[PDB]
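Enquirer: Below: one structure in structure tokens.
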Amino acid sequence: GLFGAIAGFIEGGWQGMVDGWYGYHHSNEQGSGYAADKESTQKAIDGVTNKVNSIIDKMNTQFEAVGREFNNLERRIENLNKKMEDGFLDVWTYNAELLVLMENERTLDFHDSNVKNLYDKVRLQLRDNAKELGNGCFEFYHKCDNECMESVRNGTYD
Amino acid sequence: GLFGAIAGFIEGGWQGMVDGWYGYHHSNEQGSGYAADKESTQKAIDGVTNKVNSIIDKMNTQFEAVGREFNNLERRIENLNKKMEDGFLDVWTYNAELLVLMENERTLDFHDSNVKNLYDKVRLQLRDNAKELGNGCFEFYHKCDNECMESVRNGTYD
Amino acid sequence: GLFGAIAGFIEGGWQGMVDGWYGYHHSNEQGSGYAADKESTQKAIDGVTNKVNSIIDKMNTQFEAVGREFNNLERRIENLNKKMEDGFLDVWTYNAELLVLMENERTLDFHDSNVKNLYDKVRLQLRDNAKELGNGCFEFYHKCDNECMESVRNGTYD
Amino acid sequence: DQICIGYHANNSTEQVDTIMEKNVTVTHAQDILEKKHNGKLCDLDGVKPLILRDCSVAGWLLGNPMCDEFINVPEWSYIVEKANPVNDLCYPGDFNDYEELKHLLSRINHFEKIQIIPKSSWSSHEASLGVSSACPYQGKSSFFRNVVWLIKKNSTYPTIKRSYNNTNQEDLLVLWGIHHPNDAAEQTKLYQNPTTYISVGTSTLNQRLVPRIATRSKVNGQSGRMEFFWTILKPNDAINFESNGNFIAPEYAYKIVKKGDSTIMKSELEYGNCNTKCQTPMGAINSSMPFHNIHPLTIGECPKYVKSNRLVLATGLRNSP
Amino acid sequence: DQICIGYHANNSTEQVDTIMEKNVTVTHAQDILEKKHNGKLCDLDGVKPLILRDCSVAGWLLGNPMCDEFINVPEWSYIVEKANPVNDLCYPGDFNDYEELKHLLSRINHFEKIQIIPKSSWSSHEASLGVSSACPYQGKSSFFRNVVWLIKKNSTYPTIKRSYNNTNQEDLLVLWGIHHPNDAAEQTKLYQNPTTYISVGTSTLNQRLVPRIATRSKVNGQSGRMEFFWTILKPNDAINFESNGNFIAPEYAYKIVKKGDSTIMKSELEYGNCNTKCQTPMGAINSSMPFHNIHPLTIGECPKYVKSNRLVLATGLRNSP
Amino acid sequence: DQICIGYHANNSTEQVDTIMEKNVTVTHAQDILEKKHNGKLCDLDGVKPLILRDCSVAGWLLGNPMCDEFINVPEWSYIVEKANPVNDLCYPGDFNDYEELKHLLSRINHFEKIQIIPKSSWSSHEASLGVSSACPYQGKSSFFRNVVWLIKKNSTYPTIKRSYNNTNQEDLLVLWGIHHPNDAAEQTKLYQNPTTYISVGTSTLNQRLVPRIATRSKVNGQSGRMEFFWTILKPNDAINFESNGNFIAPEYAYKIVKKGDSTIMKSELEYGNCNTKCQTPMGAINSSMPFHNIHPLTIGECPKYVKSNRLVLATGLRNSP
């Protein structure tokens with residue numbers, strides 16, 4: 001994807017993180033586990049929810065086919081009616097399919113963006129304090145307990 | 001936004017920078033102030049100006065309703081005329097509203113992109129010479145006077 | 001462009017790299033030359049190929065003008081027919097021109113993205129091992145022969 | 001000691017399309033296209049459709065003897081007619097401005113039939129003998145129940161001068177007809193007078209019909225033809241008939257009880273004994289989706305129709321193997 | 001010592017919509033939708049509209065006695081007619097192919113009325129007594145000024161054989177009519193001859209009209225009817241009338257002075273004493289915006305109509321609190 | 001020692017447009033709009049078009065004497081007619097429901113002409129003398145080859161009673177006409193009987209035509225008029241003619257050999273001696289592009305028409321100077 005994180009430098013997702021879309025894995029003497037970043041997850045939920053509604057409502061005004069009948073000597077006007085009703089249904093089918101296509105691409109990229117921003121944010125705190133492993137992970141120079149770890153998660157590290 | 005800068009790691013804009021969209025704040029013994037980066041501002045002005053024109057002109061060919069009258073026994077053809085004229089006006093209303101919607105999102109992201117690129121560029125010059133504070137700012141290891149500061153702004157630092 | 005690489009911090013392309021869209025230039029005691037990164041080039045080829053096909057096929061269902069004739073006292077219905085056929089051709093002309101416009105912008109940005117990701121990936125391997133020059137290039141602290149160089153290209157450096 | 005940034009995967013199998021890539025597996029998705037219907041014709045918001053079945057709109061309105069199921073019909077939500085209903089125009093002919101009438105019907109939910117000119121009211125003309133073998137009822141030669149096939153009495157057909165004035169508040173659909181016979185001798189046999197006319201007049205109408213004699217093929221075993229005409233009689237307006245033969249006089253006319261908002265959908269289906277909020281000619285739609293792909297022609301609170309086979313939005317992110 | 005990268009904020013209150021977020025406050029924006037009009041009917045590029053007011057296109061062209069304001073009209077930019085103009089077809093009837101004529105008018109800016117057959121030219125028929133109480137002028141029974149209600153002279157109506165040939169360069173709109181009386185006795189009273197016809201012929205036209213007697217409701221206190229017909233007479237072509245009664249003869253016909261590019265807009269408004277470059281049935285548009293939402297039907301250099309309430313483009317960036 | 005990341009440049013000159021920037025030079029591009037055609041009228045998939053040239057559809061079907069090139073035509077792929085063909089309706093008049101017929105023709109590839117009522121079959125009427133100077137052939141007064149201008153024999157025109165029944169499997173296009181003379185004396189001169197009719201009947205048709213006498217301009221040196229009518233005779237149906245004058249009887253009628261899928265394109269061009277898979281009124285299209293901008297009206301495997309001057313997709317990246 002466009003932002004290099006999702007299935008880029010972060011090779012794959014985490015089956016074990018269940019309470020959010022993005023977050024952290026920590027690993028130390030005391031143990032290991034997953035913590036969802038609530039902030040960015042919530043921002044992402046809002047973004048995607050609004051989008052779906054925007055997509056739906058922008059499509060609520062569409063063409064409605066209406067039944068019209070014509071006799072045996074009104075073939076031209078019957079054909080006209082057919083090609084007009086079909087013409088609009090094709091325009092709207094195209095509009096709908098394309099909007100879904102383009103916005104799916106933008107949604108996937110949005111998630112990628114959210115992962116890269118969260119990563120960069122953690123990278124900006126750690127500074128020279130940890131080795132940037134190159135796979136989404138940072139390896140600490142100093143021992144880092146749970147409350148040290150908690151510190152990284154809430155943006156209060158240093 | 002997509003690029004993490006605007007209302008991301010740079011928490012908010014500057015009321016005090018008036019002569020441009022993006023630039024610098026410097027702070028030293030001699031004082032402090034704002035300098036607009038003219039280059040990126042100008043590139044952004046061109047981008048947005050062209051866009052607006054592109055948007056306008058791509059819409060200059062649209063459907064034009066024309067008045068047609070029908071007698072009491074031409075109800076079907078009158079209905080056909082109504083649904084055709086209304087059908088096109090809905091297609092174009094949708095086209096217009098969506099284009100504005102999608103491009104507004106792309107404009108906001110464009111500005112975000114321009115801020116991130118300018119930031120990264122300054123980050124690439126400073127190297128290990130200054131501490132990356134994590135909020136858009138860099139704190140110099142050495143004292144940095146106005147002409148040292150001027151140096152960073154024109155890409156001639158080192 | 002959006003991702004800062006193409007005609008950003010990498011000032012221009014390479015006439016001398018012929019076998020791919022993105023890759024490496026190396027320079028050492030043994031010599032110098034260009035090696036295409038096959039992986040990202042191939043991913044880009046697939047992306048752009050699928051896009052073109054998607055664009056084409058999403059346009060295969062369009063309005064088809066049909067010839068209809070009207071006598072001297074059927075002027076309204078003739079006008080209706082003209083404005084309907086012209087109306088659809090304008091809708092589709094707009095759809096086509098806009099899709100090309102928007103997707104051209106997304107293609108250029110895609111390439112920019114691919115260049116930035118490849119750059120960042122190499123930056124993540126080198127770590128503190130080389131000076132980040134700020135123009136797409138990294139200058140090694142240690143001497144780096146061809147097989148050391150080969151090492152950087154296949155992601156096996158350290 | 002290590003901290004990592006990462007993202008959600010799951011066992012999701014849902015796939016979405018993008019411009020550059022098809023079948024991207026995503027953690028979460030939302031289908032927005034309704035692909036299902038029940039396949040029945042149902043009541044629309046409790047209100048039952050007028051299902052003609054075999055009868056056509058012409059057969060119904062004129063009162064085809066085989067169309068007795070519909071002598072008096074409750075208000076409907078929508079109308080259903082087959083592509084080729086057997087019971088139409090039993091006695092061969094034409095229905096003038098038929099389609100413009102059907103168009104008018106699509107904006108009407110209730111007709112109320114009232115008598116305008118009684119059969120008993122015909123002194124100088126025979127009104128009991130205007131029947132045909134092309135329109136049978138229970139094995140005997142009958143005729144369109146809402147009009148009257150008038151015939152000469154004791155070898156005389158005096159000029160008819162008849163007038164009805166719409167006292168009702170409601171608009172009135174008035175039907176009448178003209179008989180086109182086979183030859184000169186049949187004109188004499190039925191109407192006595194050799195050359196005839198039917199003049200019809202309202203505040204707007206200015207009509208005069210003349211019988212067209214021609215030799216033609218038998219349709220329903222009859223070579224004669226009936227041509228039916230109609231008008232909408234405004235409140236306080238009167239309709240004036242004058243004729244010396246070939247007149248198919250109004251007996252009943254339909255009160256325009258109410259508007260509006262119905263359709264005449266073409267369907268081979270029968271009543272389904274169900275209820276819906278959105279009906280198609282193929283079946284009913286019950287769903288909260290914004291789109292559907294069932295049929296273009298719907299009635300009720302309906303999703304927007306599209307010709308897609310699949311509309312799925314990504315909500316979550318690219319699921320990893 | 002510190003250097004920072006940053007971006008512009010201001011006191012801007014303008015908001016724009018995106019797909020993922022509504023009401024984003026931005027530093028700069030551009031509204032592209034014109035929401036305002038003045039509410040008047042104005043001259044279009046100096047050129048005044050033909051404002052019929054109470055008169056209809058029929059009332060105007062035929063020369064309704066109450067439509068004297070428009071006996072001779074300057075070239076117009078566009079036409080304005082009310083939804084239900086009182087002064088139409090004063091003497092009840094129909095105007096044949098009325099809408100196809102109105103359609104033709106939408107491509108005409110100037111008519112020039114010229115006399116084709118003078119009133120004084122009628123030797124064997126009375127031409128001064130073809131008037132009615134349905135069309136009054138200054139309290140006295142008058143008639144459509146552009147045609148002639150011809151009547152018998154000394155109990156005889158000889159066959160009319162009249163011919164006009166378009167010597168003019170310009171196409172010619174020729175109007176004529178036929179009177180449909182109430183009964184046999186009125187036919188005699190006015191025209192003497194019991195059965196009549198009007199045959200009209202040009203290079204293309206091949207017409208023969210026959211009066212339709214019927215009993216009908218009084219409209220404007222009259223039960224007789226007039227049916228009006230028209231043609232466009234090509235240059236160098238001749239029009240040939242032959243009639244033995246019920247003829248409403250042309251007196252004046254309109255020269256087709258020029259084309260083209262006008263409309264017949266429906267509006268209850270009166271003249272506004274203003275000037276514009278773009279006119280709608282609701283009022284005039286003066287703006288440099290690419291879009292407007294006033295009314296679909298415009299004339300002139302106009303922005304593109306859309307049904308939006310709001311179209312605002314972001315130009316600057318997300319303004320911060 | 002140095003390693004660098006970089007991207008491809010080349011000598012490419014191709015340019016693409018985006019929303020924010022026009023004429024971006026790119027390394028690779030793909031044009032998707034076909035701008036070229038050959039400028040000829042060609043066979044469509046081997047199958048030759050019916051090129052009328054000077055003749056019109058009316059002139060062809062009726063059998064205008066100057067339209068002999070098309071007495072019998074092979075099946076066509078599509079039809080080509082000029083904007084104003086000289087050889088149409090040689091004897092002046094009208095063709096009733098002409099456009100609805102042309103519409104029907106656009107769904108027909110093969111007509112097969114068969115004789116229904118022979119010239120030799122006319123005992124009591126003259127069938128050799130129904131000719132005119134308005135329709136000449138080789139310098140002599142001729143007439144539409146597919147119909148018969150019937151005239152009185154020894155000062156009598158007996159009632160014609162003629163019937164043809166469609167034994168063929170295939171639908172049958174039956175043409176006939178009526179002569180409208182100049183005056184009372186010409187009616188006598190040609191047909192003897194003063195007042196006449198033509199009654200036409202099938203299972204659906206119920207027609208009676210009456211000659212319209214009028215004085216009118218000479219078109220092609222003749223002031224008389226012919227009005228032509230048509231029907232499609234269903235298999236097993238019969239058509240019944242009855243007339244006492246002014247009858248233009250069928251001689252030949254066209255078998256509806258096949259459907260379907262053709263067009264009647266308007267073009268001033270002549271046959272090009274070429275072959276194509278996609279034809280326009282301006283010339284043929286041979287290309288693998290998804291779009292073209294040649295002409296809206298095409299026939300065959302065609303790219304989608306757009307009004308663009310240029311459609312170019314970027315495939316490679318921004319080329320650097």
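Ordering of the structure tokens sets the chain letters (A, B, ...), residue numbers begin anew at 1 in every chain, and ligands are numbered from 1 in the order given.
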Name the residues in contact with segment 40-56 of chain C at a cut-off of 9 Å, using only C-alpha atoms, excluding same-chain residues fewer than 4 positions from it; report them as a PDB file with N, CA and C atoms, in the first residue's frame.

Expert:
```pdb
ATOM      1  N   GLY C  20      14.351  -1.545 -15.359  1.00  0.00           N
ATOM      2  CA  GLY C  20      13.331  -1.418 -14.324  1.00  0.00           C
ATOM      3  C   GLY C  20      12.915   0.008 -14.039  1.00  0.00           C
ATOM      4  N   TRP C  21      11.826   0.152 -13.286  1.00  0.00           N
ATOM      5  CA  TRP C  21      11.304   1.467 -12.930  1.00  0.00           C
ATOM      6  C   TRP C  21      12.016   2.068 -11.732  1.00  0.00           C
ATOM      7  N   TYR C  22      12.385   1.219 -10.775  1.00  0.00           N
ATOM      8  CA  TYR C  22      13.090   1.640  -9.565  1.00  0.00           C
ATOM      9  C   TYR C  22      14.292   0.738  -9.323  1.00  0.00           C
ATOM     10  N   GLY C  23      15.329   1.286  -8.709  1.00  0.00           N
ATOM     11  CA  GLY C  23      16.444   0.460  -8.288  1.00  0.00           C
ATOM     12  C   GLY C  23      17.549   1.229  -7.615  1.00  0.00           C
ATOM     13  N   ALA C  36      18.275  -2.687 -11.140  1.00  0.00           N
ATOM     14  CA  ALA C  36      16.845  -2.528 -10.948  1.00  0.00           C
ATOM     15  C   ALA C  36      16.388  -3.423  -9.812  1.00  0.00           C
ATOM     16  N   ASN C  60     -16.934  -0.160 -20.671  1.00  0.00           N
ATOM     17  CA  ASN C  60     -17.483  -0.979 -21.759  1.00  0.00           C
ATOM     18  C   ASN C  60     -19.014  -0.931 -21.846  1.00  0.00           C
ATOM     19  N   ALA C  96     -15.421   9.695 -18.553  1.00  0.00           N
ATOM     20  CA  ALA C  96     -14.164   9.228 -19.137  1.00  0.00           C
ATOM     21  C   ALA C  96     -13.015  10.189 -18.871  1.00  0.00           C
ATOM     22  N   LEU C  99     -12.136  10.309 -15.081  1.00  0.00           N
ATOM     23  CA  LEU C  99     -11.515   9.098 -14.599  1.00  0.00           C
ATOM     24  C   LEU C  99     -10.046   9.080 -15.012  1.00  0.00           C
ATOM     25  N   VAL C 100      -9.771   9.455 -16.260  1.00  0.00           N
ATOM     26  CA  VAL C 100      -8.399   9.523 -16.747  1.00  0.00           C
ATOM     27  C   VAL C 100      -7.595  10.548 -15.935  1.00  0.00           C
ATOM     28  N   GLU C 103      -7.115   9.278 -12.154  1.00  0.00           N
ATOM     29  CA  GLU C 103      -6.260   8.110 -12.088  1.00  0.00           C
ATOM     30  C   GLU C 103      -4.818   8.376 -12.545  1.00  0.00           C
ATOM     31  N   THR C 107      -1.715   7.362 -10.374  1.00  0.00           N
ATOM     32  CA  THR C 107      -0.594   6.584 -10.901  1.00  0.00           C
ATOM     33  C   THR C 107       0.747   7.261 -10.604  1.00  0.00           C
ATOM     34  N   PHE C 110       1.468   6.801  -7.008  1.00  0.00           N
ATOM     35  CA  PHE C 110       1.812   5.399  -6.802  1.00  0.00           C
ATOM     36  C   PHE C 110       3.316   5.149  -7.013  1.00  0.00           C
ATOM     37  N   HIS C 111       3.841   5.606  -8.145  1.00  0.00           N
ATOM     38  CA  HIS C 111       5.270   5.496  -8.422  1.00  0.00           C
ATOM     39  C   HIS C 111       6.118   6.200  -7.384  1.00  0.00           C
ATOM     40  N   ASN C 114       6.087   4.030  -4.320  1.00  0.00           N
ATOM     41  CA  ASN C 114       7.012   2.910  -4.487  1.00  0.00           C
ATOM     42  C   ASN C 114       8.467   3.314  -4.304  1.00  0.00           C
ATOM     43  N   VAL C 115       8.846   4.505  -4.778  1.00  0.00           N
ATOM     44  CA  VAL C 115      10.224   4.992  -4.598  1.00  0.00           C
ATOM     45  C   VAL C 115      10.515   5.310  -3.131  1.00  0.00           C
ATOM     46  N   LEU C 118      10.868   1.990  -1.041  1.00  0.00           N
ATOM     47  CA  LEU C 118      12.131   1.324  -1.311  1.00  0.00           C
ATOM     48  C   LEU C 118      13.268   2.060  -0.613  1.00  0.00           C
TER      49      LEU C 118
ATOM     50  N   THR D  18     -10.608  -3.213  -5.689  1.00  0.00           N
ATOM     51  CA  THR D  18     -10.100  -1.844  -5.868  1.00  0.00           C
ATOM     52  C   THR D  18      -9.721  -1.673  -7.343  1.00  0.00           C
ATOM     53  N   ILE D  19      -9.262  -0.491  -7.739  1.00  0.00           N
ATOM     54  CA  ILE D  19      -8.850  -0.249  -9.127  1.00  0.00           C
ATOM     55  C   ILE D  19      -7.607  -1.076  -9.523  1.00  0.00           C
ATOM     56  N   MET D  20      -6.619  -1.133  -8.629  1.00  0.00           N
ATOM     57  CA  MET D  20      -5.356  -1.825  -8.897  1.00  0.00           C
ATOM     58  C   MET D  20      -5.338  -3.313  -8.535  1.00  0.00           C
ATOM     59  N   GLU D  21      -6.363  -3.781  -7.827  1.00  0.00           N
ATOM     60  CA  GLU D  21      -6.356  -5.148  -7.318  1.00  0.00           C
ATOM     61  C   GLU D  21      -7.751  -5.657  -7.005  1.00  0.00           C
ATOM     62  N   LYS D  22      -8.015  -6.890  -7.429  1.00  0.00           N
ATOM     63  CA  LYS D  22      -9.300  -7.533  -7.200  1.00  0.00           C
ATOM     64  C   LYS D  22      -9.132  -8.601  -6.120  1.00  0.00           C
TER      65      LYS D  22
ATOM     66  N   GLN F  30      -0.366   5.395 -22.296  1.00  0.00           N
ATOM     67  CA  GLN F  30      -1.189   4.608 -23.197  1.00  0.00           C
ATOM     68  C   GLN F  30      -2.364   5.426 -23.701  1.00  0.00           C
ATOM     69  N   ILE F  32      -5.815   5.766 -25.391  1.00  0.00           N
ATOM     70  CA  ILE F  32      -6.978   4.866 -25.428  1.00  0.00           C
ATOM     71  C   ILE F  32      -8.123   5.381 -26.302  1.00  0.00           C
ATOM     72  N   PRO F 290     -10.261   1.280 -26.656  1.00  0.00           N
ATOM     73  CA  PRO F 290     -11.574   1.172 -26.023  1.00  0.00           C
ATOM     74  C   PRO F 290     -12.535   2.303 -26.406  1.00  0.00           C
ATOM     75  N   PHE F 291     -11.992   3.463 -26.763  1.00  0.00           N
ATOM     76  CA  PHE F 291     -12.805   4.617 -27.149  1.00  0.00           C
ATOM     77  C   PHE F 291     -12.464   5.109 -28.548  1.00  0.00           C
ATOM     78  N   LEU F 313      -3.643   7.778 -20.743  1.00  0.00           N
ATOM     79  CA  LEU F 313      -3.351   7.310 -19.396  1.00  0.00           C
ATOM     80  C   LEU F 313      -1.857   7.234 -19.130  1.00  0.00           C
ATOM     81  N   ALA F 314      -1.429   7.725 -17.971  1.00  0.00           N
ATOM     82  CA  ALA F 314      -0.052   7.544 -17.526  1.00  0.00           C
ATOM     83  C   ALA F 314       0.115   6.090 -17.137  1.00  0.00           C
ATOM     84  N   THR F 315       1.206   5.477 -17.584  1.00  0.00           N
ATOM     85  CA  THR F 315       1.573   4.150 -17.099  1.00  0.00           C
ATOM     86  C   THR F 315       2.894   4.212 -16.350  1.00  0.00           C
ATOM     87  N   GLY F 316       3.873   4.899 -16.925  1.00  0.00           N
ATOM     88  CA  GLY F 316       5.140   5.107 -16.249  1.00  0.00           C
ATOM     89  C   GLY F 316       5.096   6.323 -15.353  1.00  0.00           C
TER      90      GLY F 316
END
```

Enquirer: Counting only C-alpha atoms, collect the residues of chain B whose closest atom lies at most 12 Å from chain A, and write them out as a PyMOL selection string.

Expert: chain B and resi 1-10+74-99+101-102+105-106+109+116+128+130-138

Enquirer: Store the residues picked out above in a file with N, CA and C atoms, as a short mmCIF file (atom, residue, chain, number, x, y, z; two decimals), in the first residue's frame.

Expert:
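Dumped to selection-v8.cif:
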```cif
data_model
loop_
_atom_site.label_atom_id
_atom_site.label_comp_id
_atom_site.auth_asym_id
_atom_site.auth_seq_id
_atom_site.Cartn_x
_atom_site.Cartn_y
_atom_site.Cartn_z
N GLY B 1 -4.88 13.69 9.30
CA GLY B 1 -4.75 13.49 7.82
C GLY B 1 -3.75 12.42 7.43
N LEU B 2 -3.75 12.11 6.13
CA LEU B 2 -2.98 10.99 5.59
C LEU B 2 -1.49 11.08 5.84
N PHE B 3 -0.95 12.28 5.91
CA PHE B 3 0.51 12.39 6.00
C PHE B 3 1.06 12.71 7.38
N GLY B 4 0.18 12.73 8.38
CA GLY B 4 0.58 12.79 9.78
C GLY B 4 1.06 14.13 10.32
N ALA B 5 1.23 15.13 9.45
CA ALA B 5 1.81 16.41 9.88
C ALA B 5 0.77 17.38 10.41
N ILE B 6 -0.03 17.93 9.51
CA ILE B 6 -1.10 18.84 9.89
C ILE B 6 -2.06 18.21 10.91
N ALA B 7 -2.11 18.83 12.09
CA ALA B 7 -2.91 18.36 13.23
C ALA B 7 -2.61 16.90 13.52
N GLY B 8 -1.33 16.57 13.42
CA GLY B 8 -0.83 15.24 13.73
C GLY B 8 0.30 15.49 14.69
N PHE B 9 1.53 15.29 14.23
CA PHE B 9 2.67 15.57 15.09
C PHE B 9 2.92 17.08 15.21
N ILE B 10 2.38 17.86 14.28
CA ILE B 10 2.37 19.31 14.45
C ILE B 10 0.98 19.71 14.92
N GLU B 74 -51.26 13.76 -24.40
CA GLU B 74 -49.84 13.43 -24.55
C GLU B 74 -49.16 13.27 -23.19
N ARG B 75 -49.85 12.64 -22.23
CA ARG B 75 -49.35 12.53 -20.87
C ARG B 75 -48.09 11.67 -20.74
N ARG B 76 -48.02 10.57 -21.47
CA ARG B 76 -46.86 9.69 -21.42
C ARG B 76 -45.58 10.39 -21.85
N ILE B 77 -45.64 11.08 -22.99
CA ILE B 77 -44.51 11.81 -23.55
C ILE B 77 -44.11 13.04 -22.69
N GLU B 78 -45.09 13.65 -22.04
CA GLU B 78 -44.82 14.70 -21.07
C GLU B 78 -44.09 14.15 -19.86
N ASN B 79 -44.48 12.95 -19.42
CA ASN B 79 -43.89 12.32 -18.26
C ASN B 79 -42.47 11.92 -18.61
N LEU B 80 -42.31 11.38 -19.82
CA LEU B 80 -41.01 10.99 -20.34
C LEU B 80 -40.08 12.20 -20.33
N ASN B 81 -40.59 13.33 -20.80
CA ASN B 81 -39.80 14.54 -20.88
C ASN B 81 -39.38 15.00 -19.50
N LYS B 82 -40.31 14.92 -18.55
CA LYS B 82 -40.03 15.32 -17.18
C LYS B 82 -38.96 14.43 -16.56
N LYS B 83 -39.08 13.12 -16.73
CA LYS B 83 -38.15 12.18 -16.10
C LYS B 83 -36.76 12.19 -16.72
N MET B 84 -36.69 12.53 -18.00
CA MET B 84 -35.42 12.70 -18.68
C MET B 84 -34.69 13.96 -18.19
N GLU B 85 -35.39 15.09 -18.13
CA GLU B 85 -34.77 16.35 -17.71
C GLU B 85 -34.35 16.30 -16.25
N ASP B 86 -35.22 15.74 -15.40
CA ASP B 86 -34.91 15.51 -13.99
C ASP B 86 -33.79 14.50 -13.79
N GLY B 87 -33.74 13.49 -14.65
CA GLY B 87 -32.75 12.43 -14.55
C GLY B 87 -31.35 12.97 -14.74
N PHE B 88 -31.17 13.78 -15.79
CA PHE B 88 -29.90 14.42 -16.07
C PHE B 88 -29.47 15.41 -14.97
N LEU B 89 -30.42 16.20 -14.46
CA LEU B 89 -30.11 17.16 -13.40
C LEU B 89 -29.63 16.46 -12.12
N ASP B 90 -30.16 15.27 -11.86
CA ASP B 90 -29.70 14.45 -10.74
C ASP B 90 -28.31 13.85 -10.96
N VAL B 91 -28.05 13.36 -12.17
CA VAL B 91 -26.72 12.88 -12.55
C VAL B 91 -25.66 13.97 -12.34
N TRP B 92 -25.96 15.18 -12.79
CA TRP B 92 -25.01 16.28 -12.71
C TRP B 92 -24.84 16.85 -11.31
N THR B 93 -25.94 16.94 -10.58
CA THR B 93 -25.90 17.30 -9.18
C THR B 93 -24.98 16.32 -8.43
N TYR B 94 -25.13 15.03 -8.70
CA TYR B 94 -24.32 14.00 -8.05
C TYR B 94 -22.85 14.19 -8.45
N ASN B 95 -22.60 14.30 -9.75
CA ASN B 95 -21.24 14.50 -10.26
C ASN B 95 -20.56 15.66 -9.54
N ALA B 96 -21.26 16.80 -9.49
CA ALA B 96 -20.73 18.02 -8.89
C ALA B 96 -20.45 17.86 -7.40
N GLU B 97 -21.42 17.32 -6.67
CA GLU B 97 -21.28 17.18 -5.22
C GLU B 97 -20.17 16.22 -4.84
N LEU B 98 -20.02 15.16 -5.62
CA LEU B 98 -19.02 14.14 -5.35
C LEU B 98 -17.64 14.66 -5.68
N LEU B 99 -17.52 15.36 -6.80
CA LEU B 99 -16.24 15.88 -7.21
C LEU B 99 -15.72 16.85 -6.14
N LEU B 101 -16.64 16.94 -2.90
CA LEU B 101 -16.33 16.06 -1.76
C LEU B 101 -14.94 15.39 -1.87
N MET B 102 -14.69 14.70 -2.99
CA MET B 102 -13.45 13.94 -3.15
C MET B 102 -12.23 14.83 -3.25
N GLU B 105 -11.08 16.48 0.01
CA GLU B 105 -10.27 15.56 0.77
C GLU B 105 -8.84 15.52 0.21
N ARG B 106 -8.72 15.55 -1.11
CA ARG B 106 -7.39 15.53 -1.72
C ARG B 106 -6.61 16.82 -1.51
N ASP B 109 -5.23 16.81 2.18
CA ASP B 109 -4.11 15.88 2.17
C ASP B 109 -2.88 16.42 1.44
N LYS B 116 4.68 17.77 5.48
CA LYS B 116 5.58 16.64 5.77
C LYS B 116 6.86 16.64 4.94
N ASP B 128 22.40 14.60 12.53
CA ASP B 128 22.61 14.36 13.95
C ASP B 128 22.93 15.66 14.67
N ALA B 130 21.03 18.24 15.35
CA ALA B 130 20.03 18.69 16.32
C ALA B 130 19.12 17.58 16.84
N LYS B 131 18.57 17.76 18.04
CA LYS B 131 17.60 16.81 18.60
C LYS B 131 16.23 16.99 17.94
N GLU B 132 15.67 15.90 17.43
CA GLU B 132 14.33 15.93 16.85
C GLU B 132 13.30 15.84 17.98
N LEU B 133 12.70 16.97 18.30
CA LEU B 133 11.81 17.10 19.46
C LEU B 133 10.53 16.28 19.38
N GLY B 134 10.06 16.04 18.15
CA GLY B 134 8.87 15.25 17.90
C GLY B 134 7.59 16.05 17.74
N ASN B 135 7.70 17.37 17.63
CA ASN B 135 6.51 18.22 17.50
C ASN B 135 6.61 19.22 16.35
N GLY B 136 7.57 18.98 15.47
CA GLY B 136 7.82 19.87 14.35
C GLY B 136 9.10 20.66 14.55
N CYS B 137 9.66 20.59 15.75
CA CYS B 137 10.80 21.41 16.13
C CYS B 137 12.08 20.60 16.28
N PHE B 138 13.20 21.28 16.06
CA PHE B 138 14.52 20.71 16.20
C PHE B 138 15.30 21.61 17.15
#
```

Enquirer: Run DSSP on the backbone and give me the residues of segment 8-49 of chain A it puts in strand (DSSP E), as number ranges by chain.

Expert: A: 22-28, 31-36

Enquirer: Within 7 Å of chain A, which residues of chain D show up when using only C-alpha atoms, listed as a PyMOL selection string?

Expert: chain D and resi 1-10+17-19+99+103+290+296-297+304+306-308+311+313-315+317-318+320
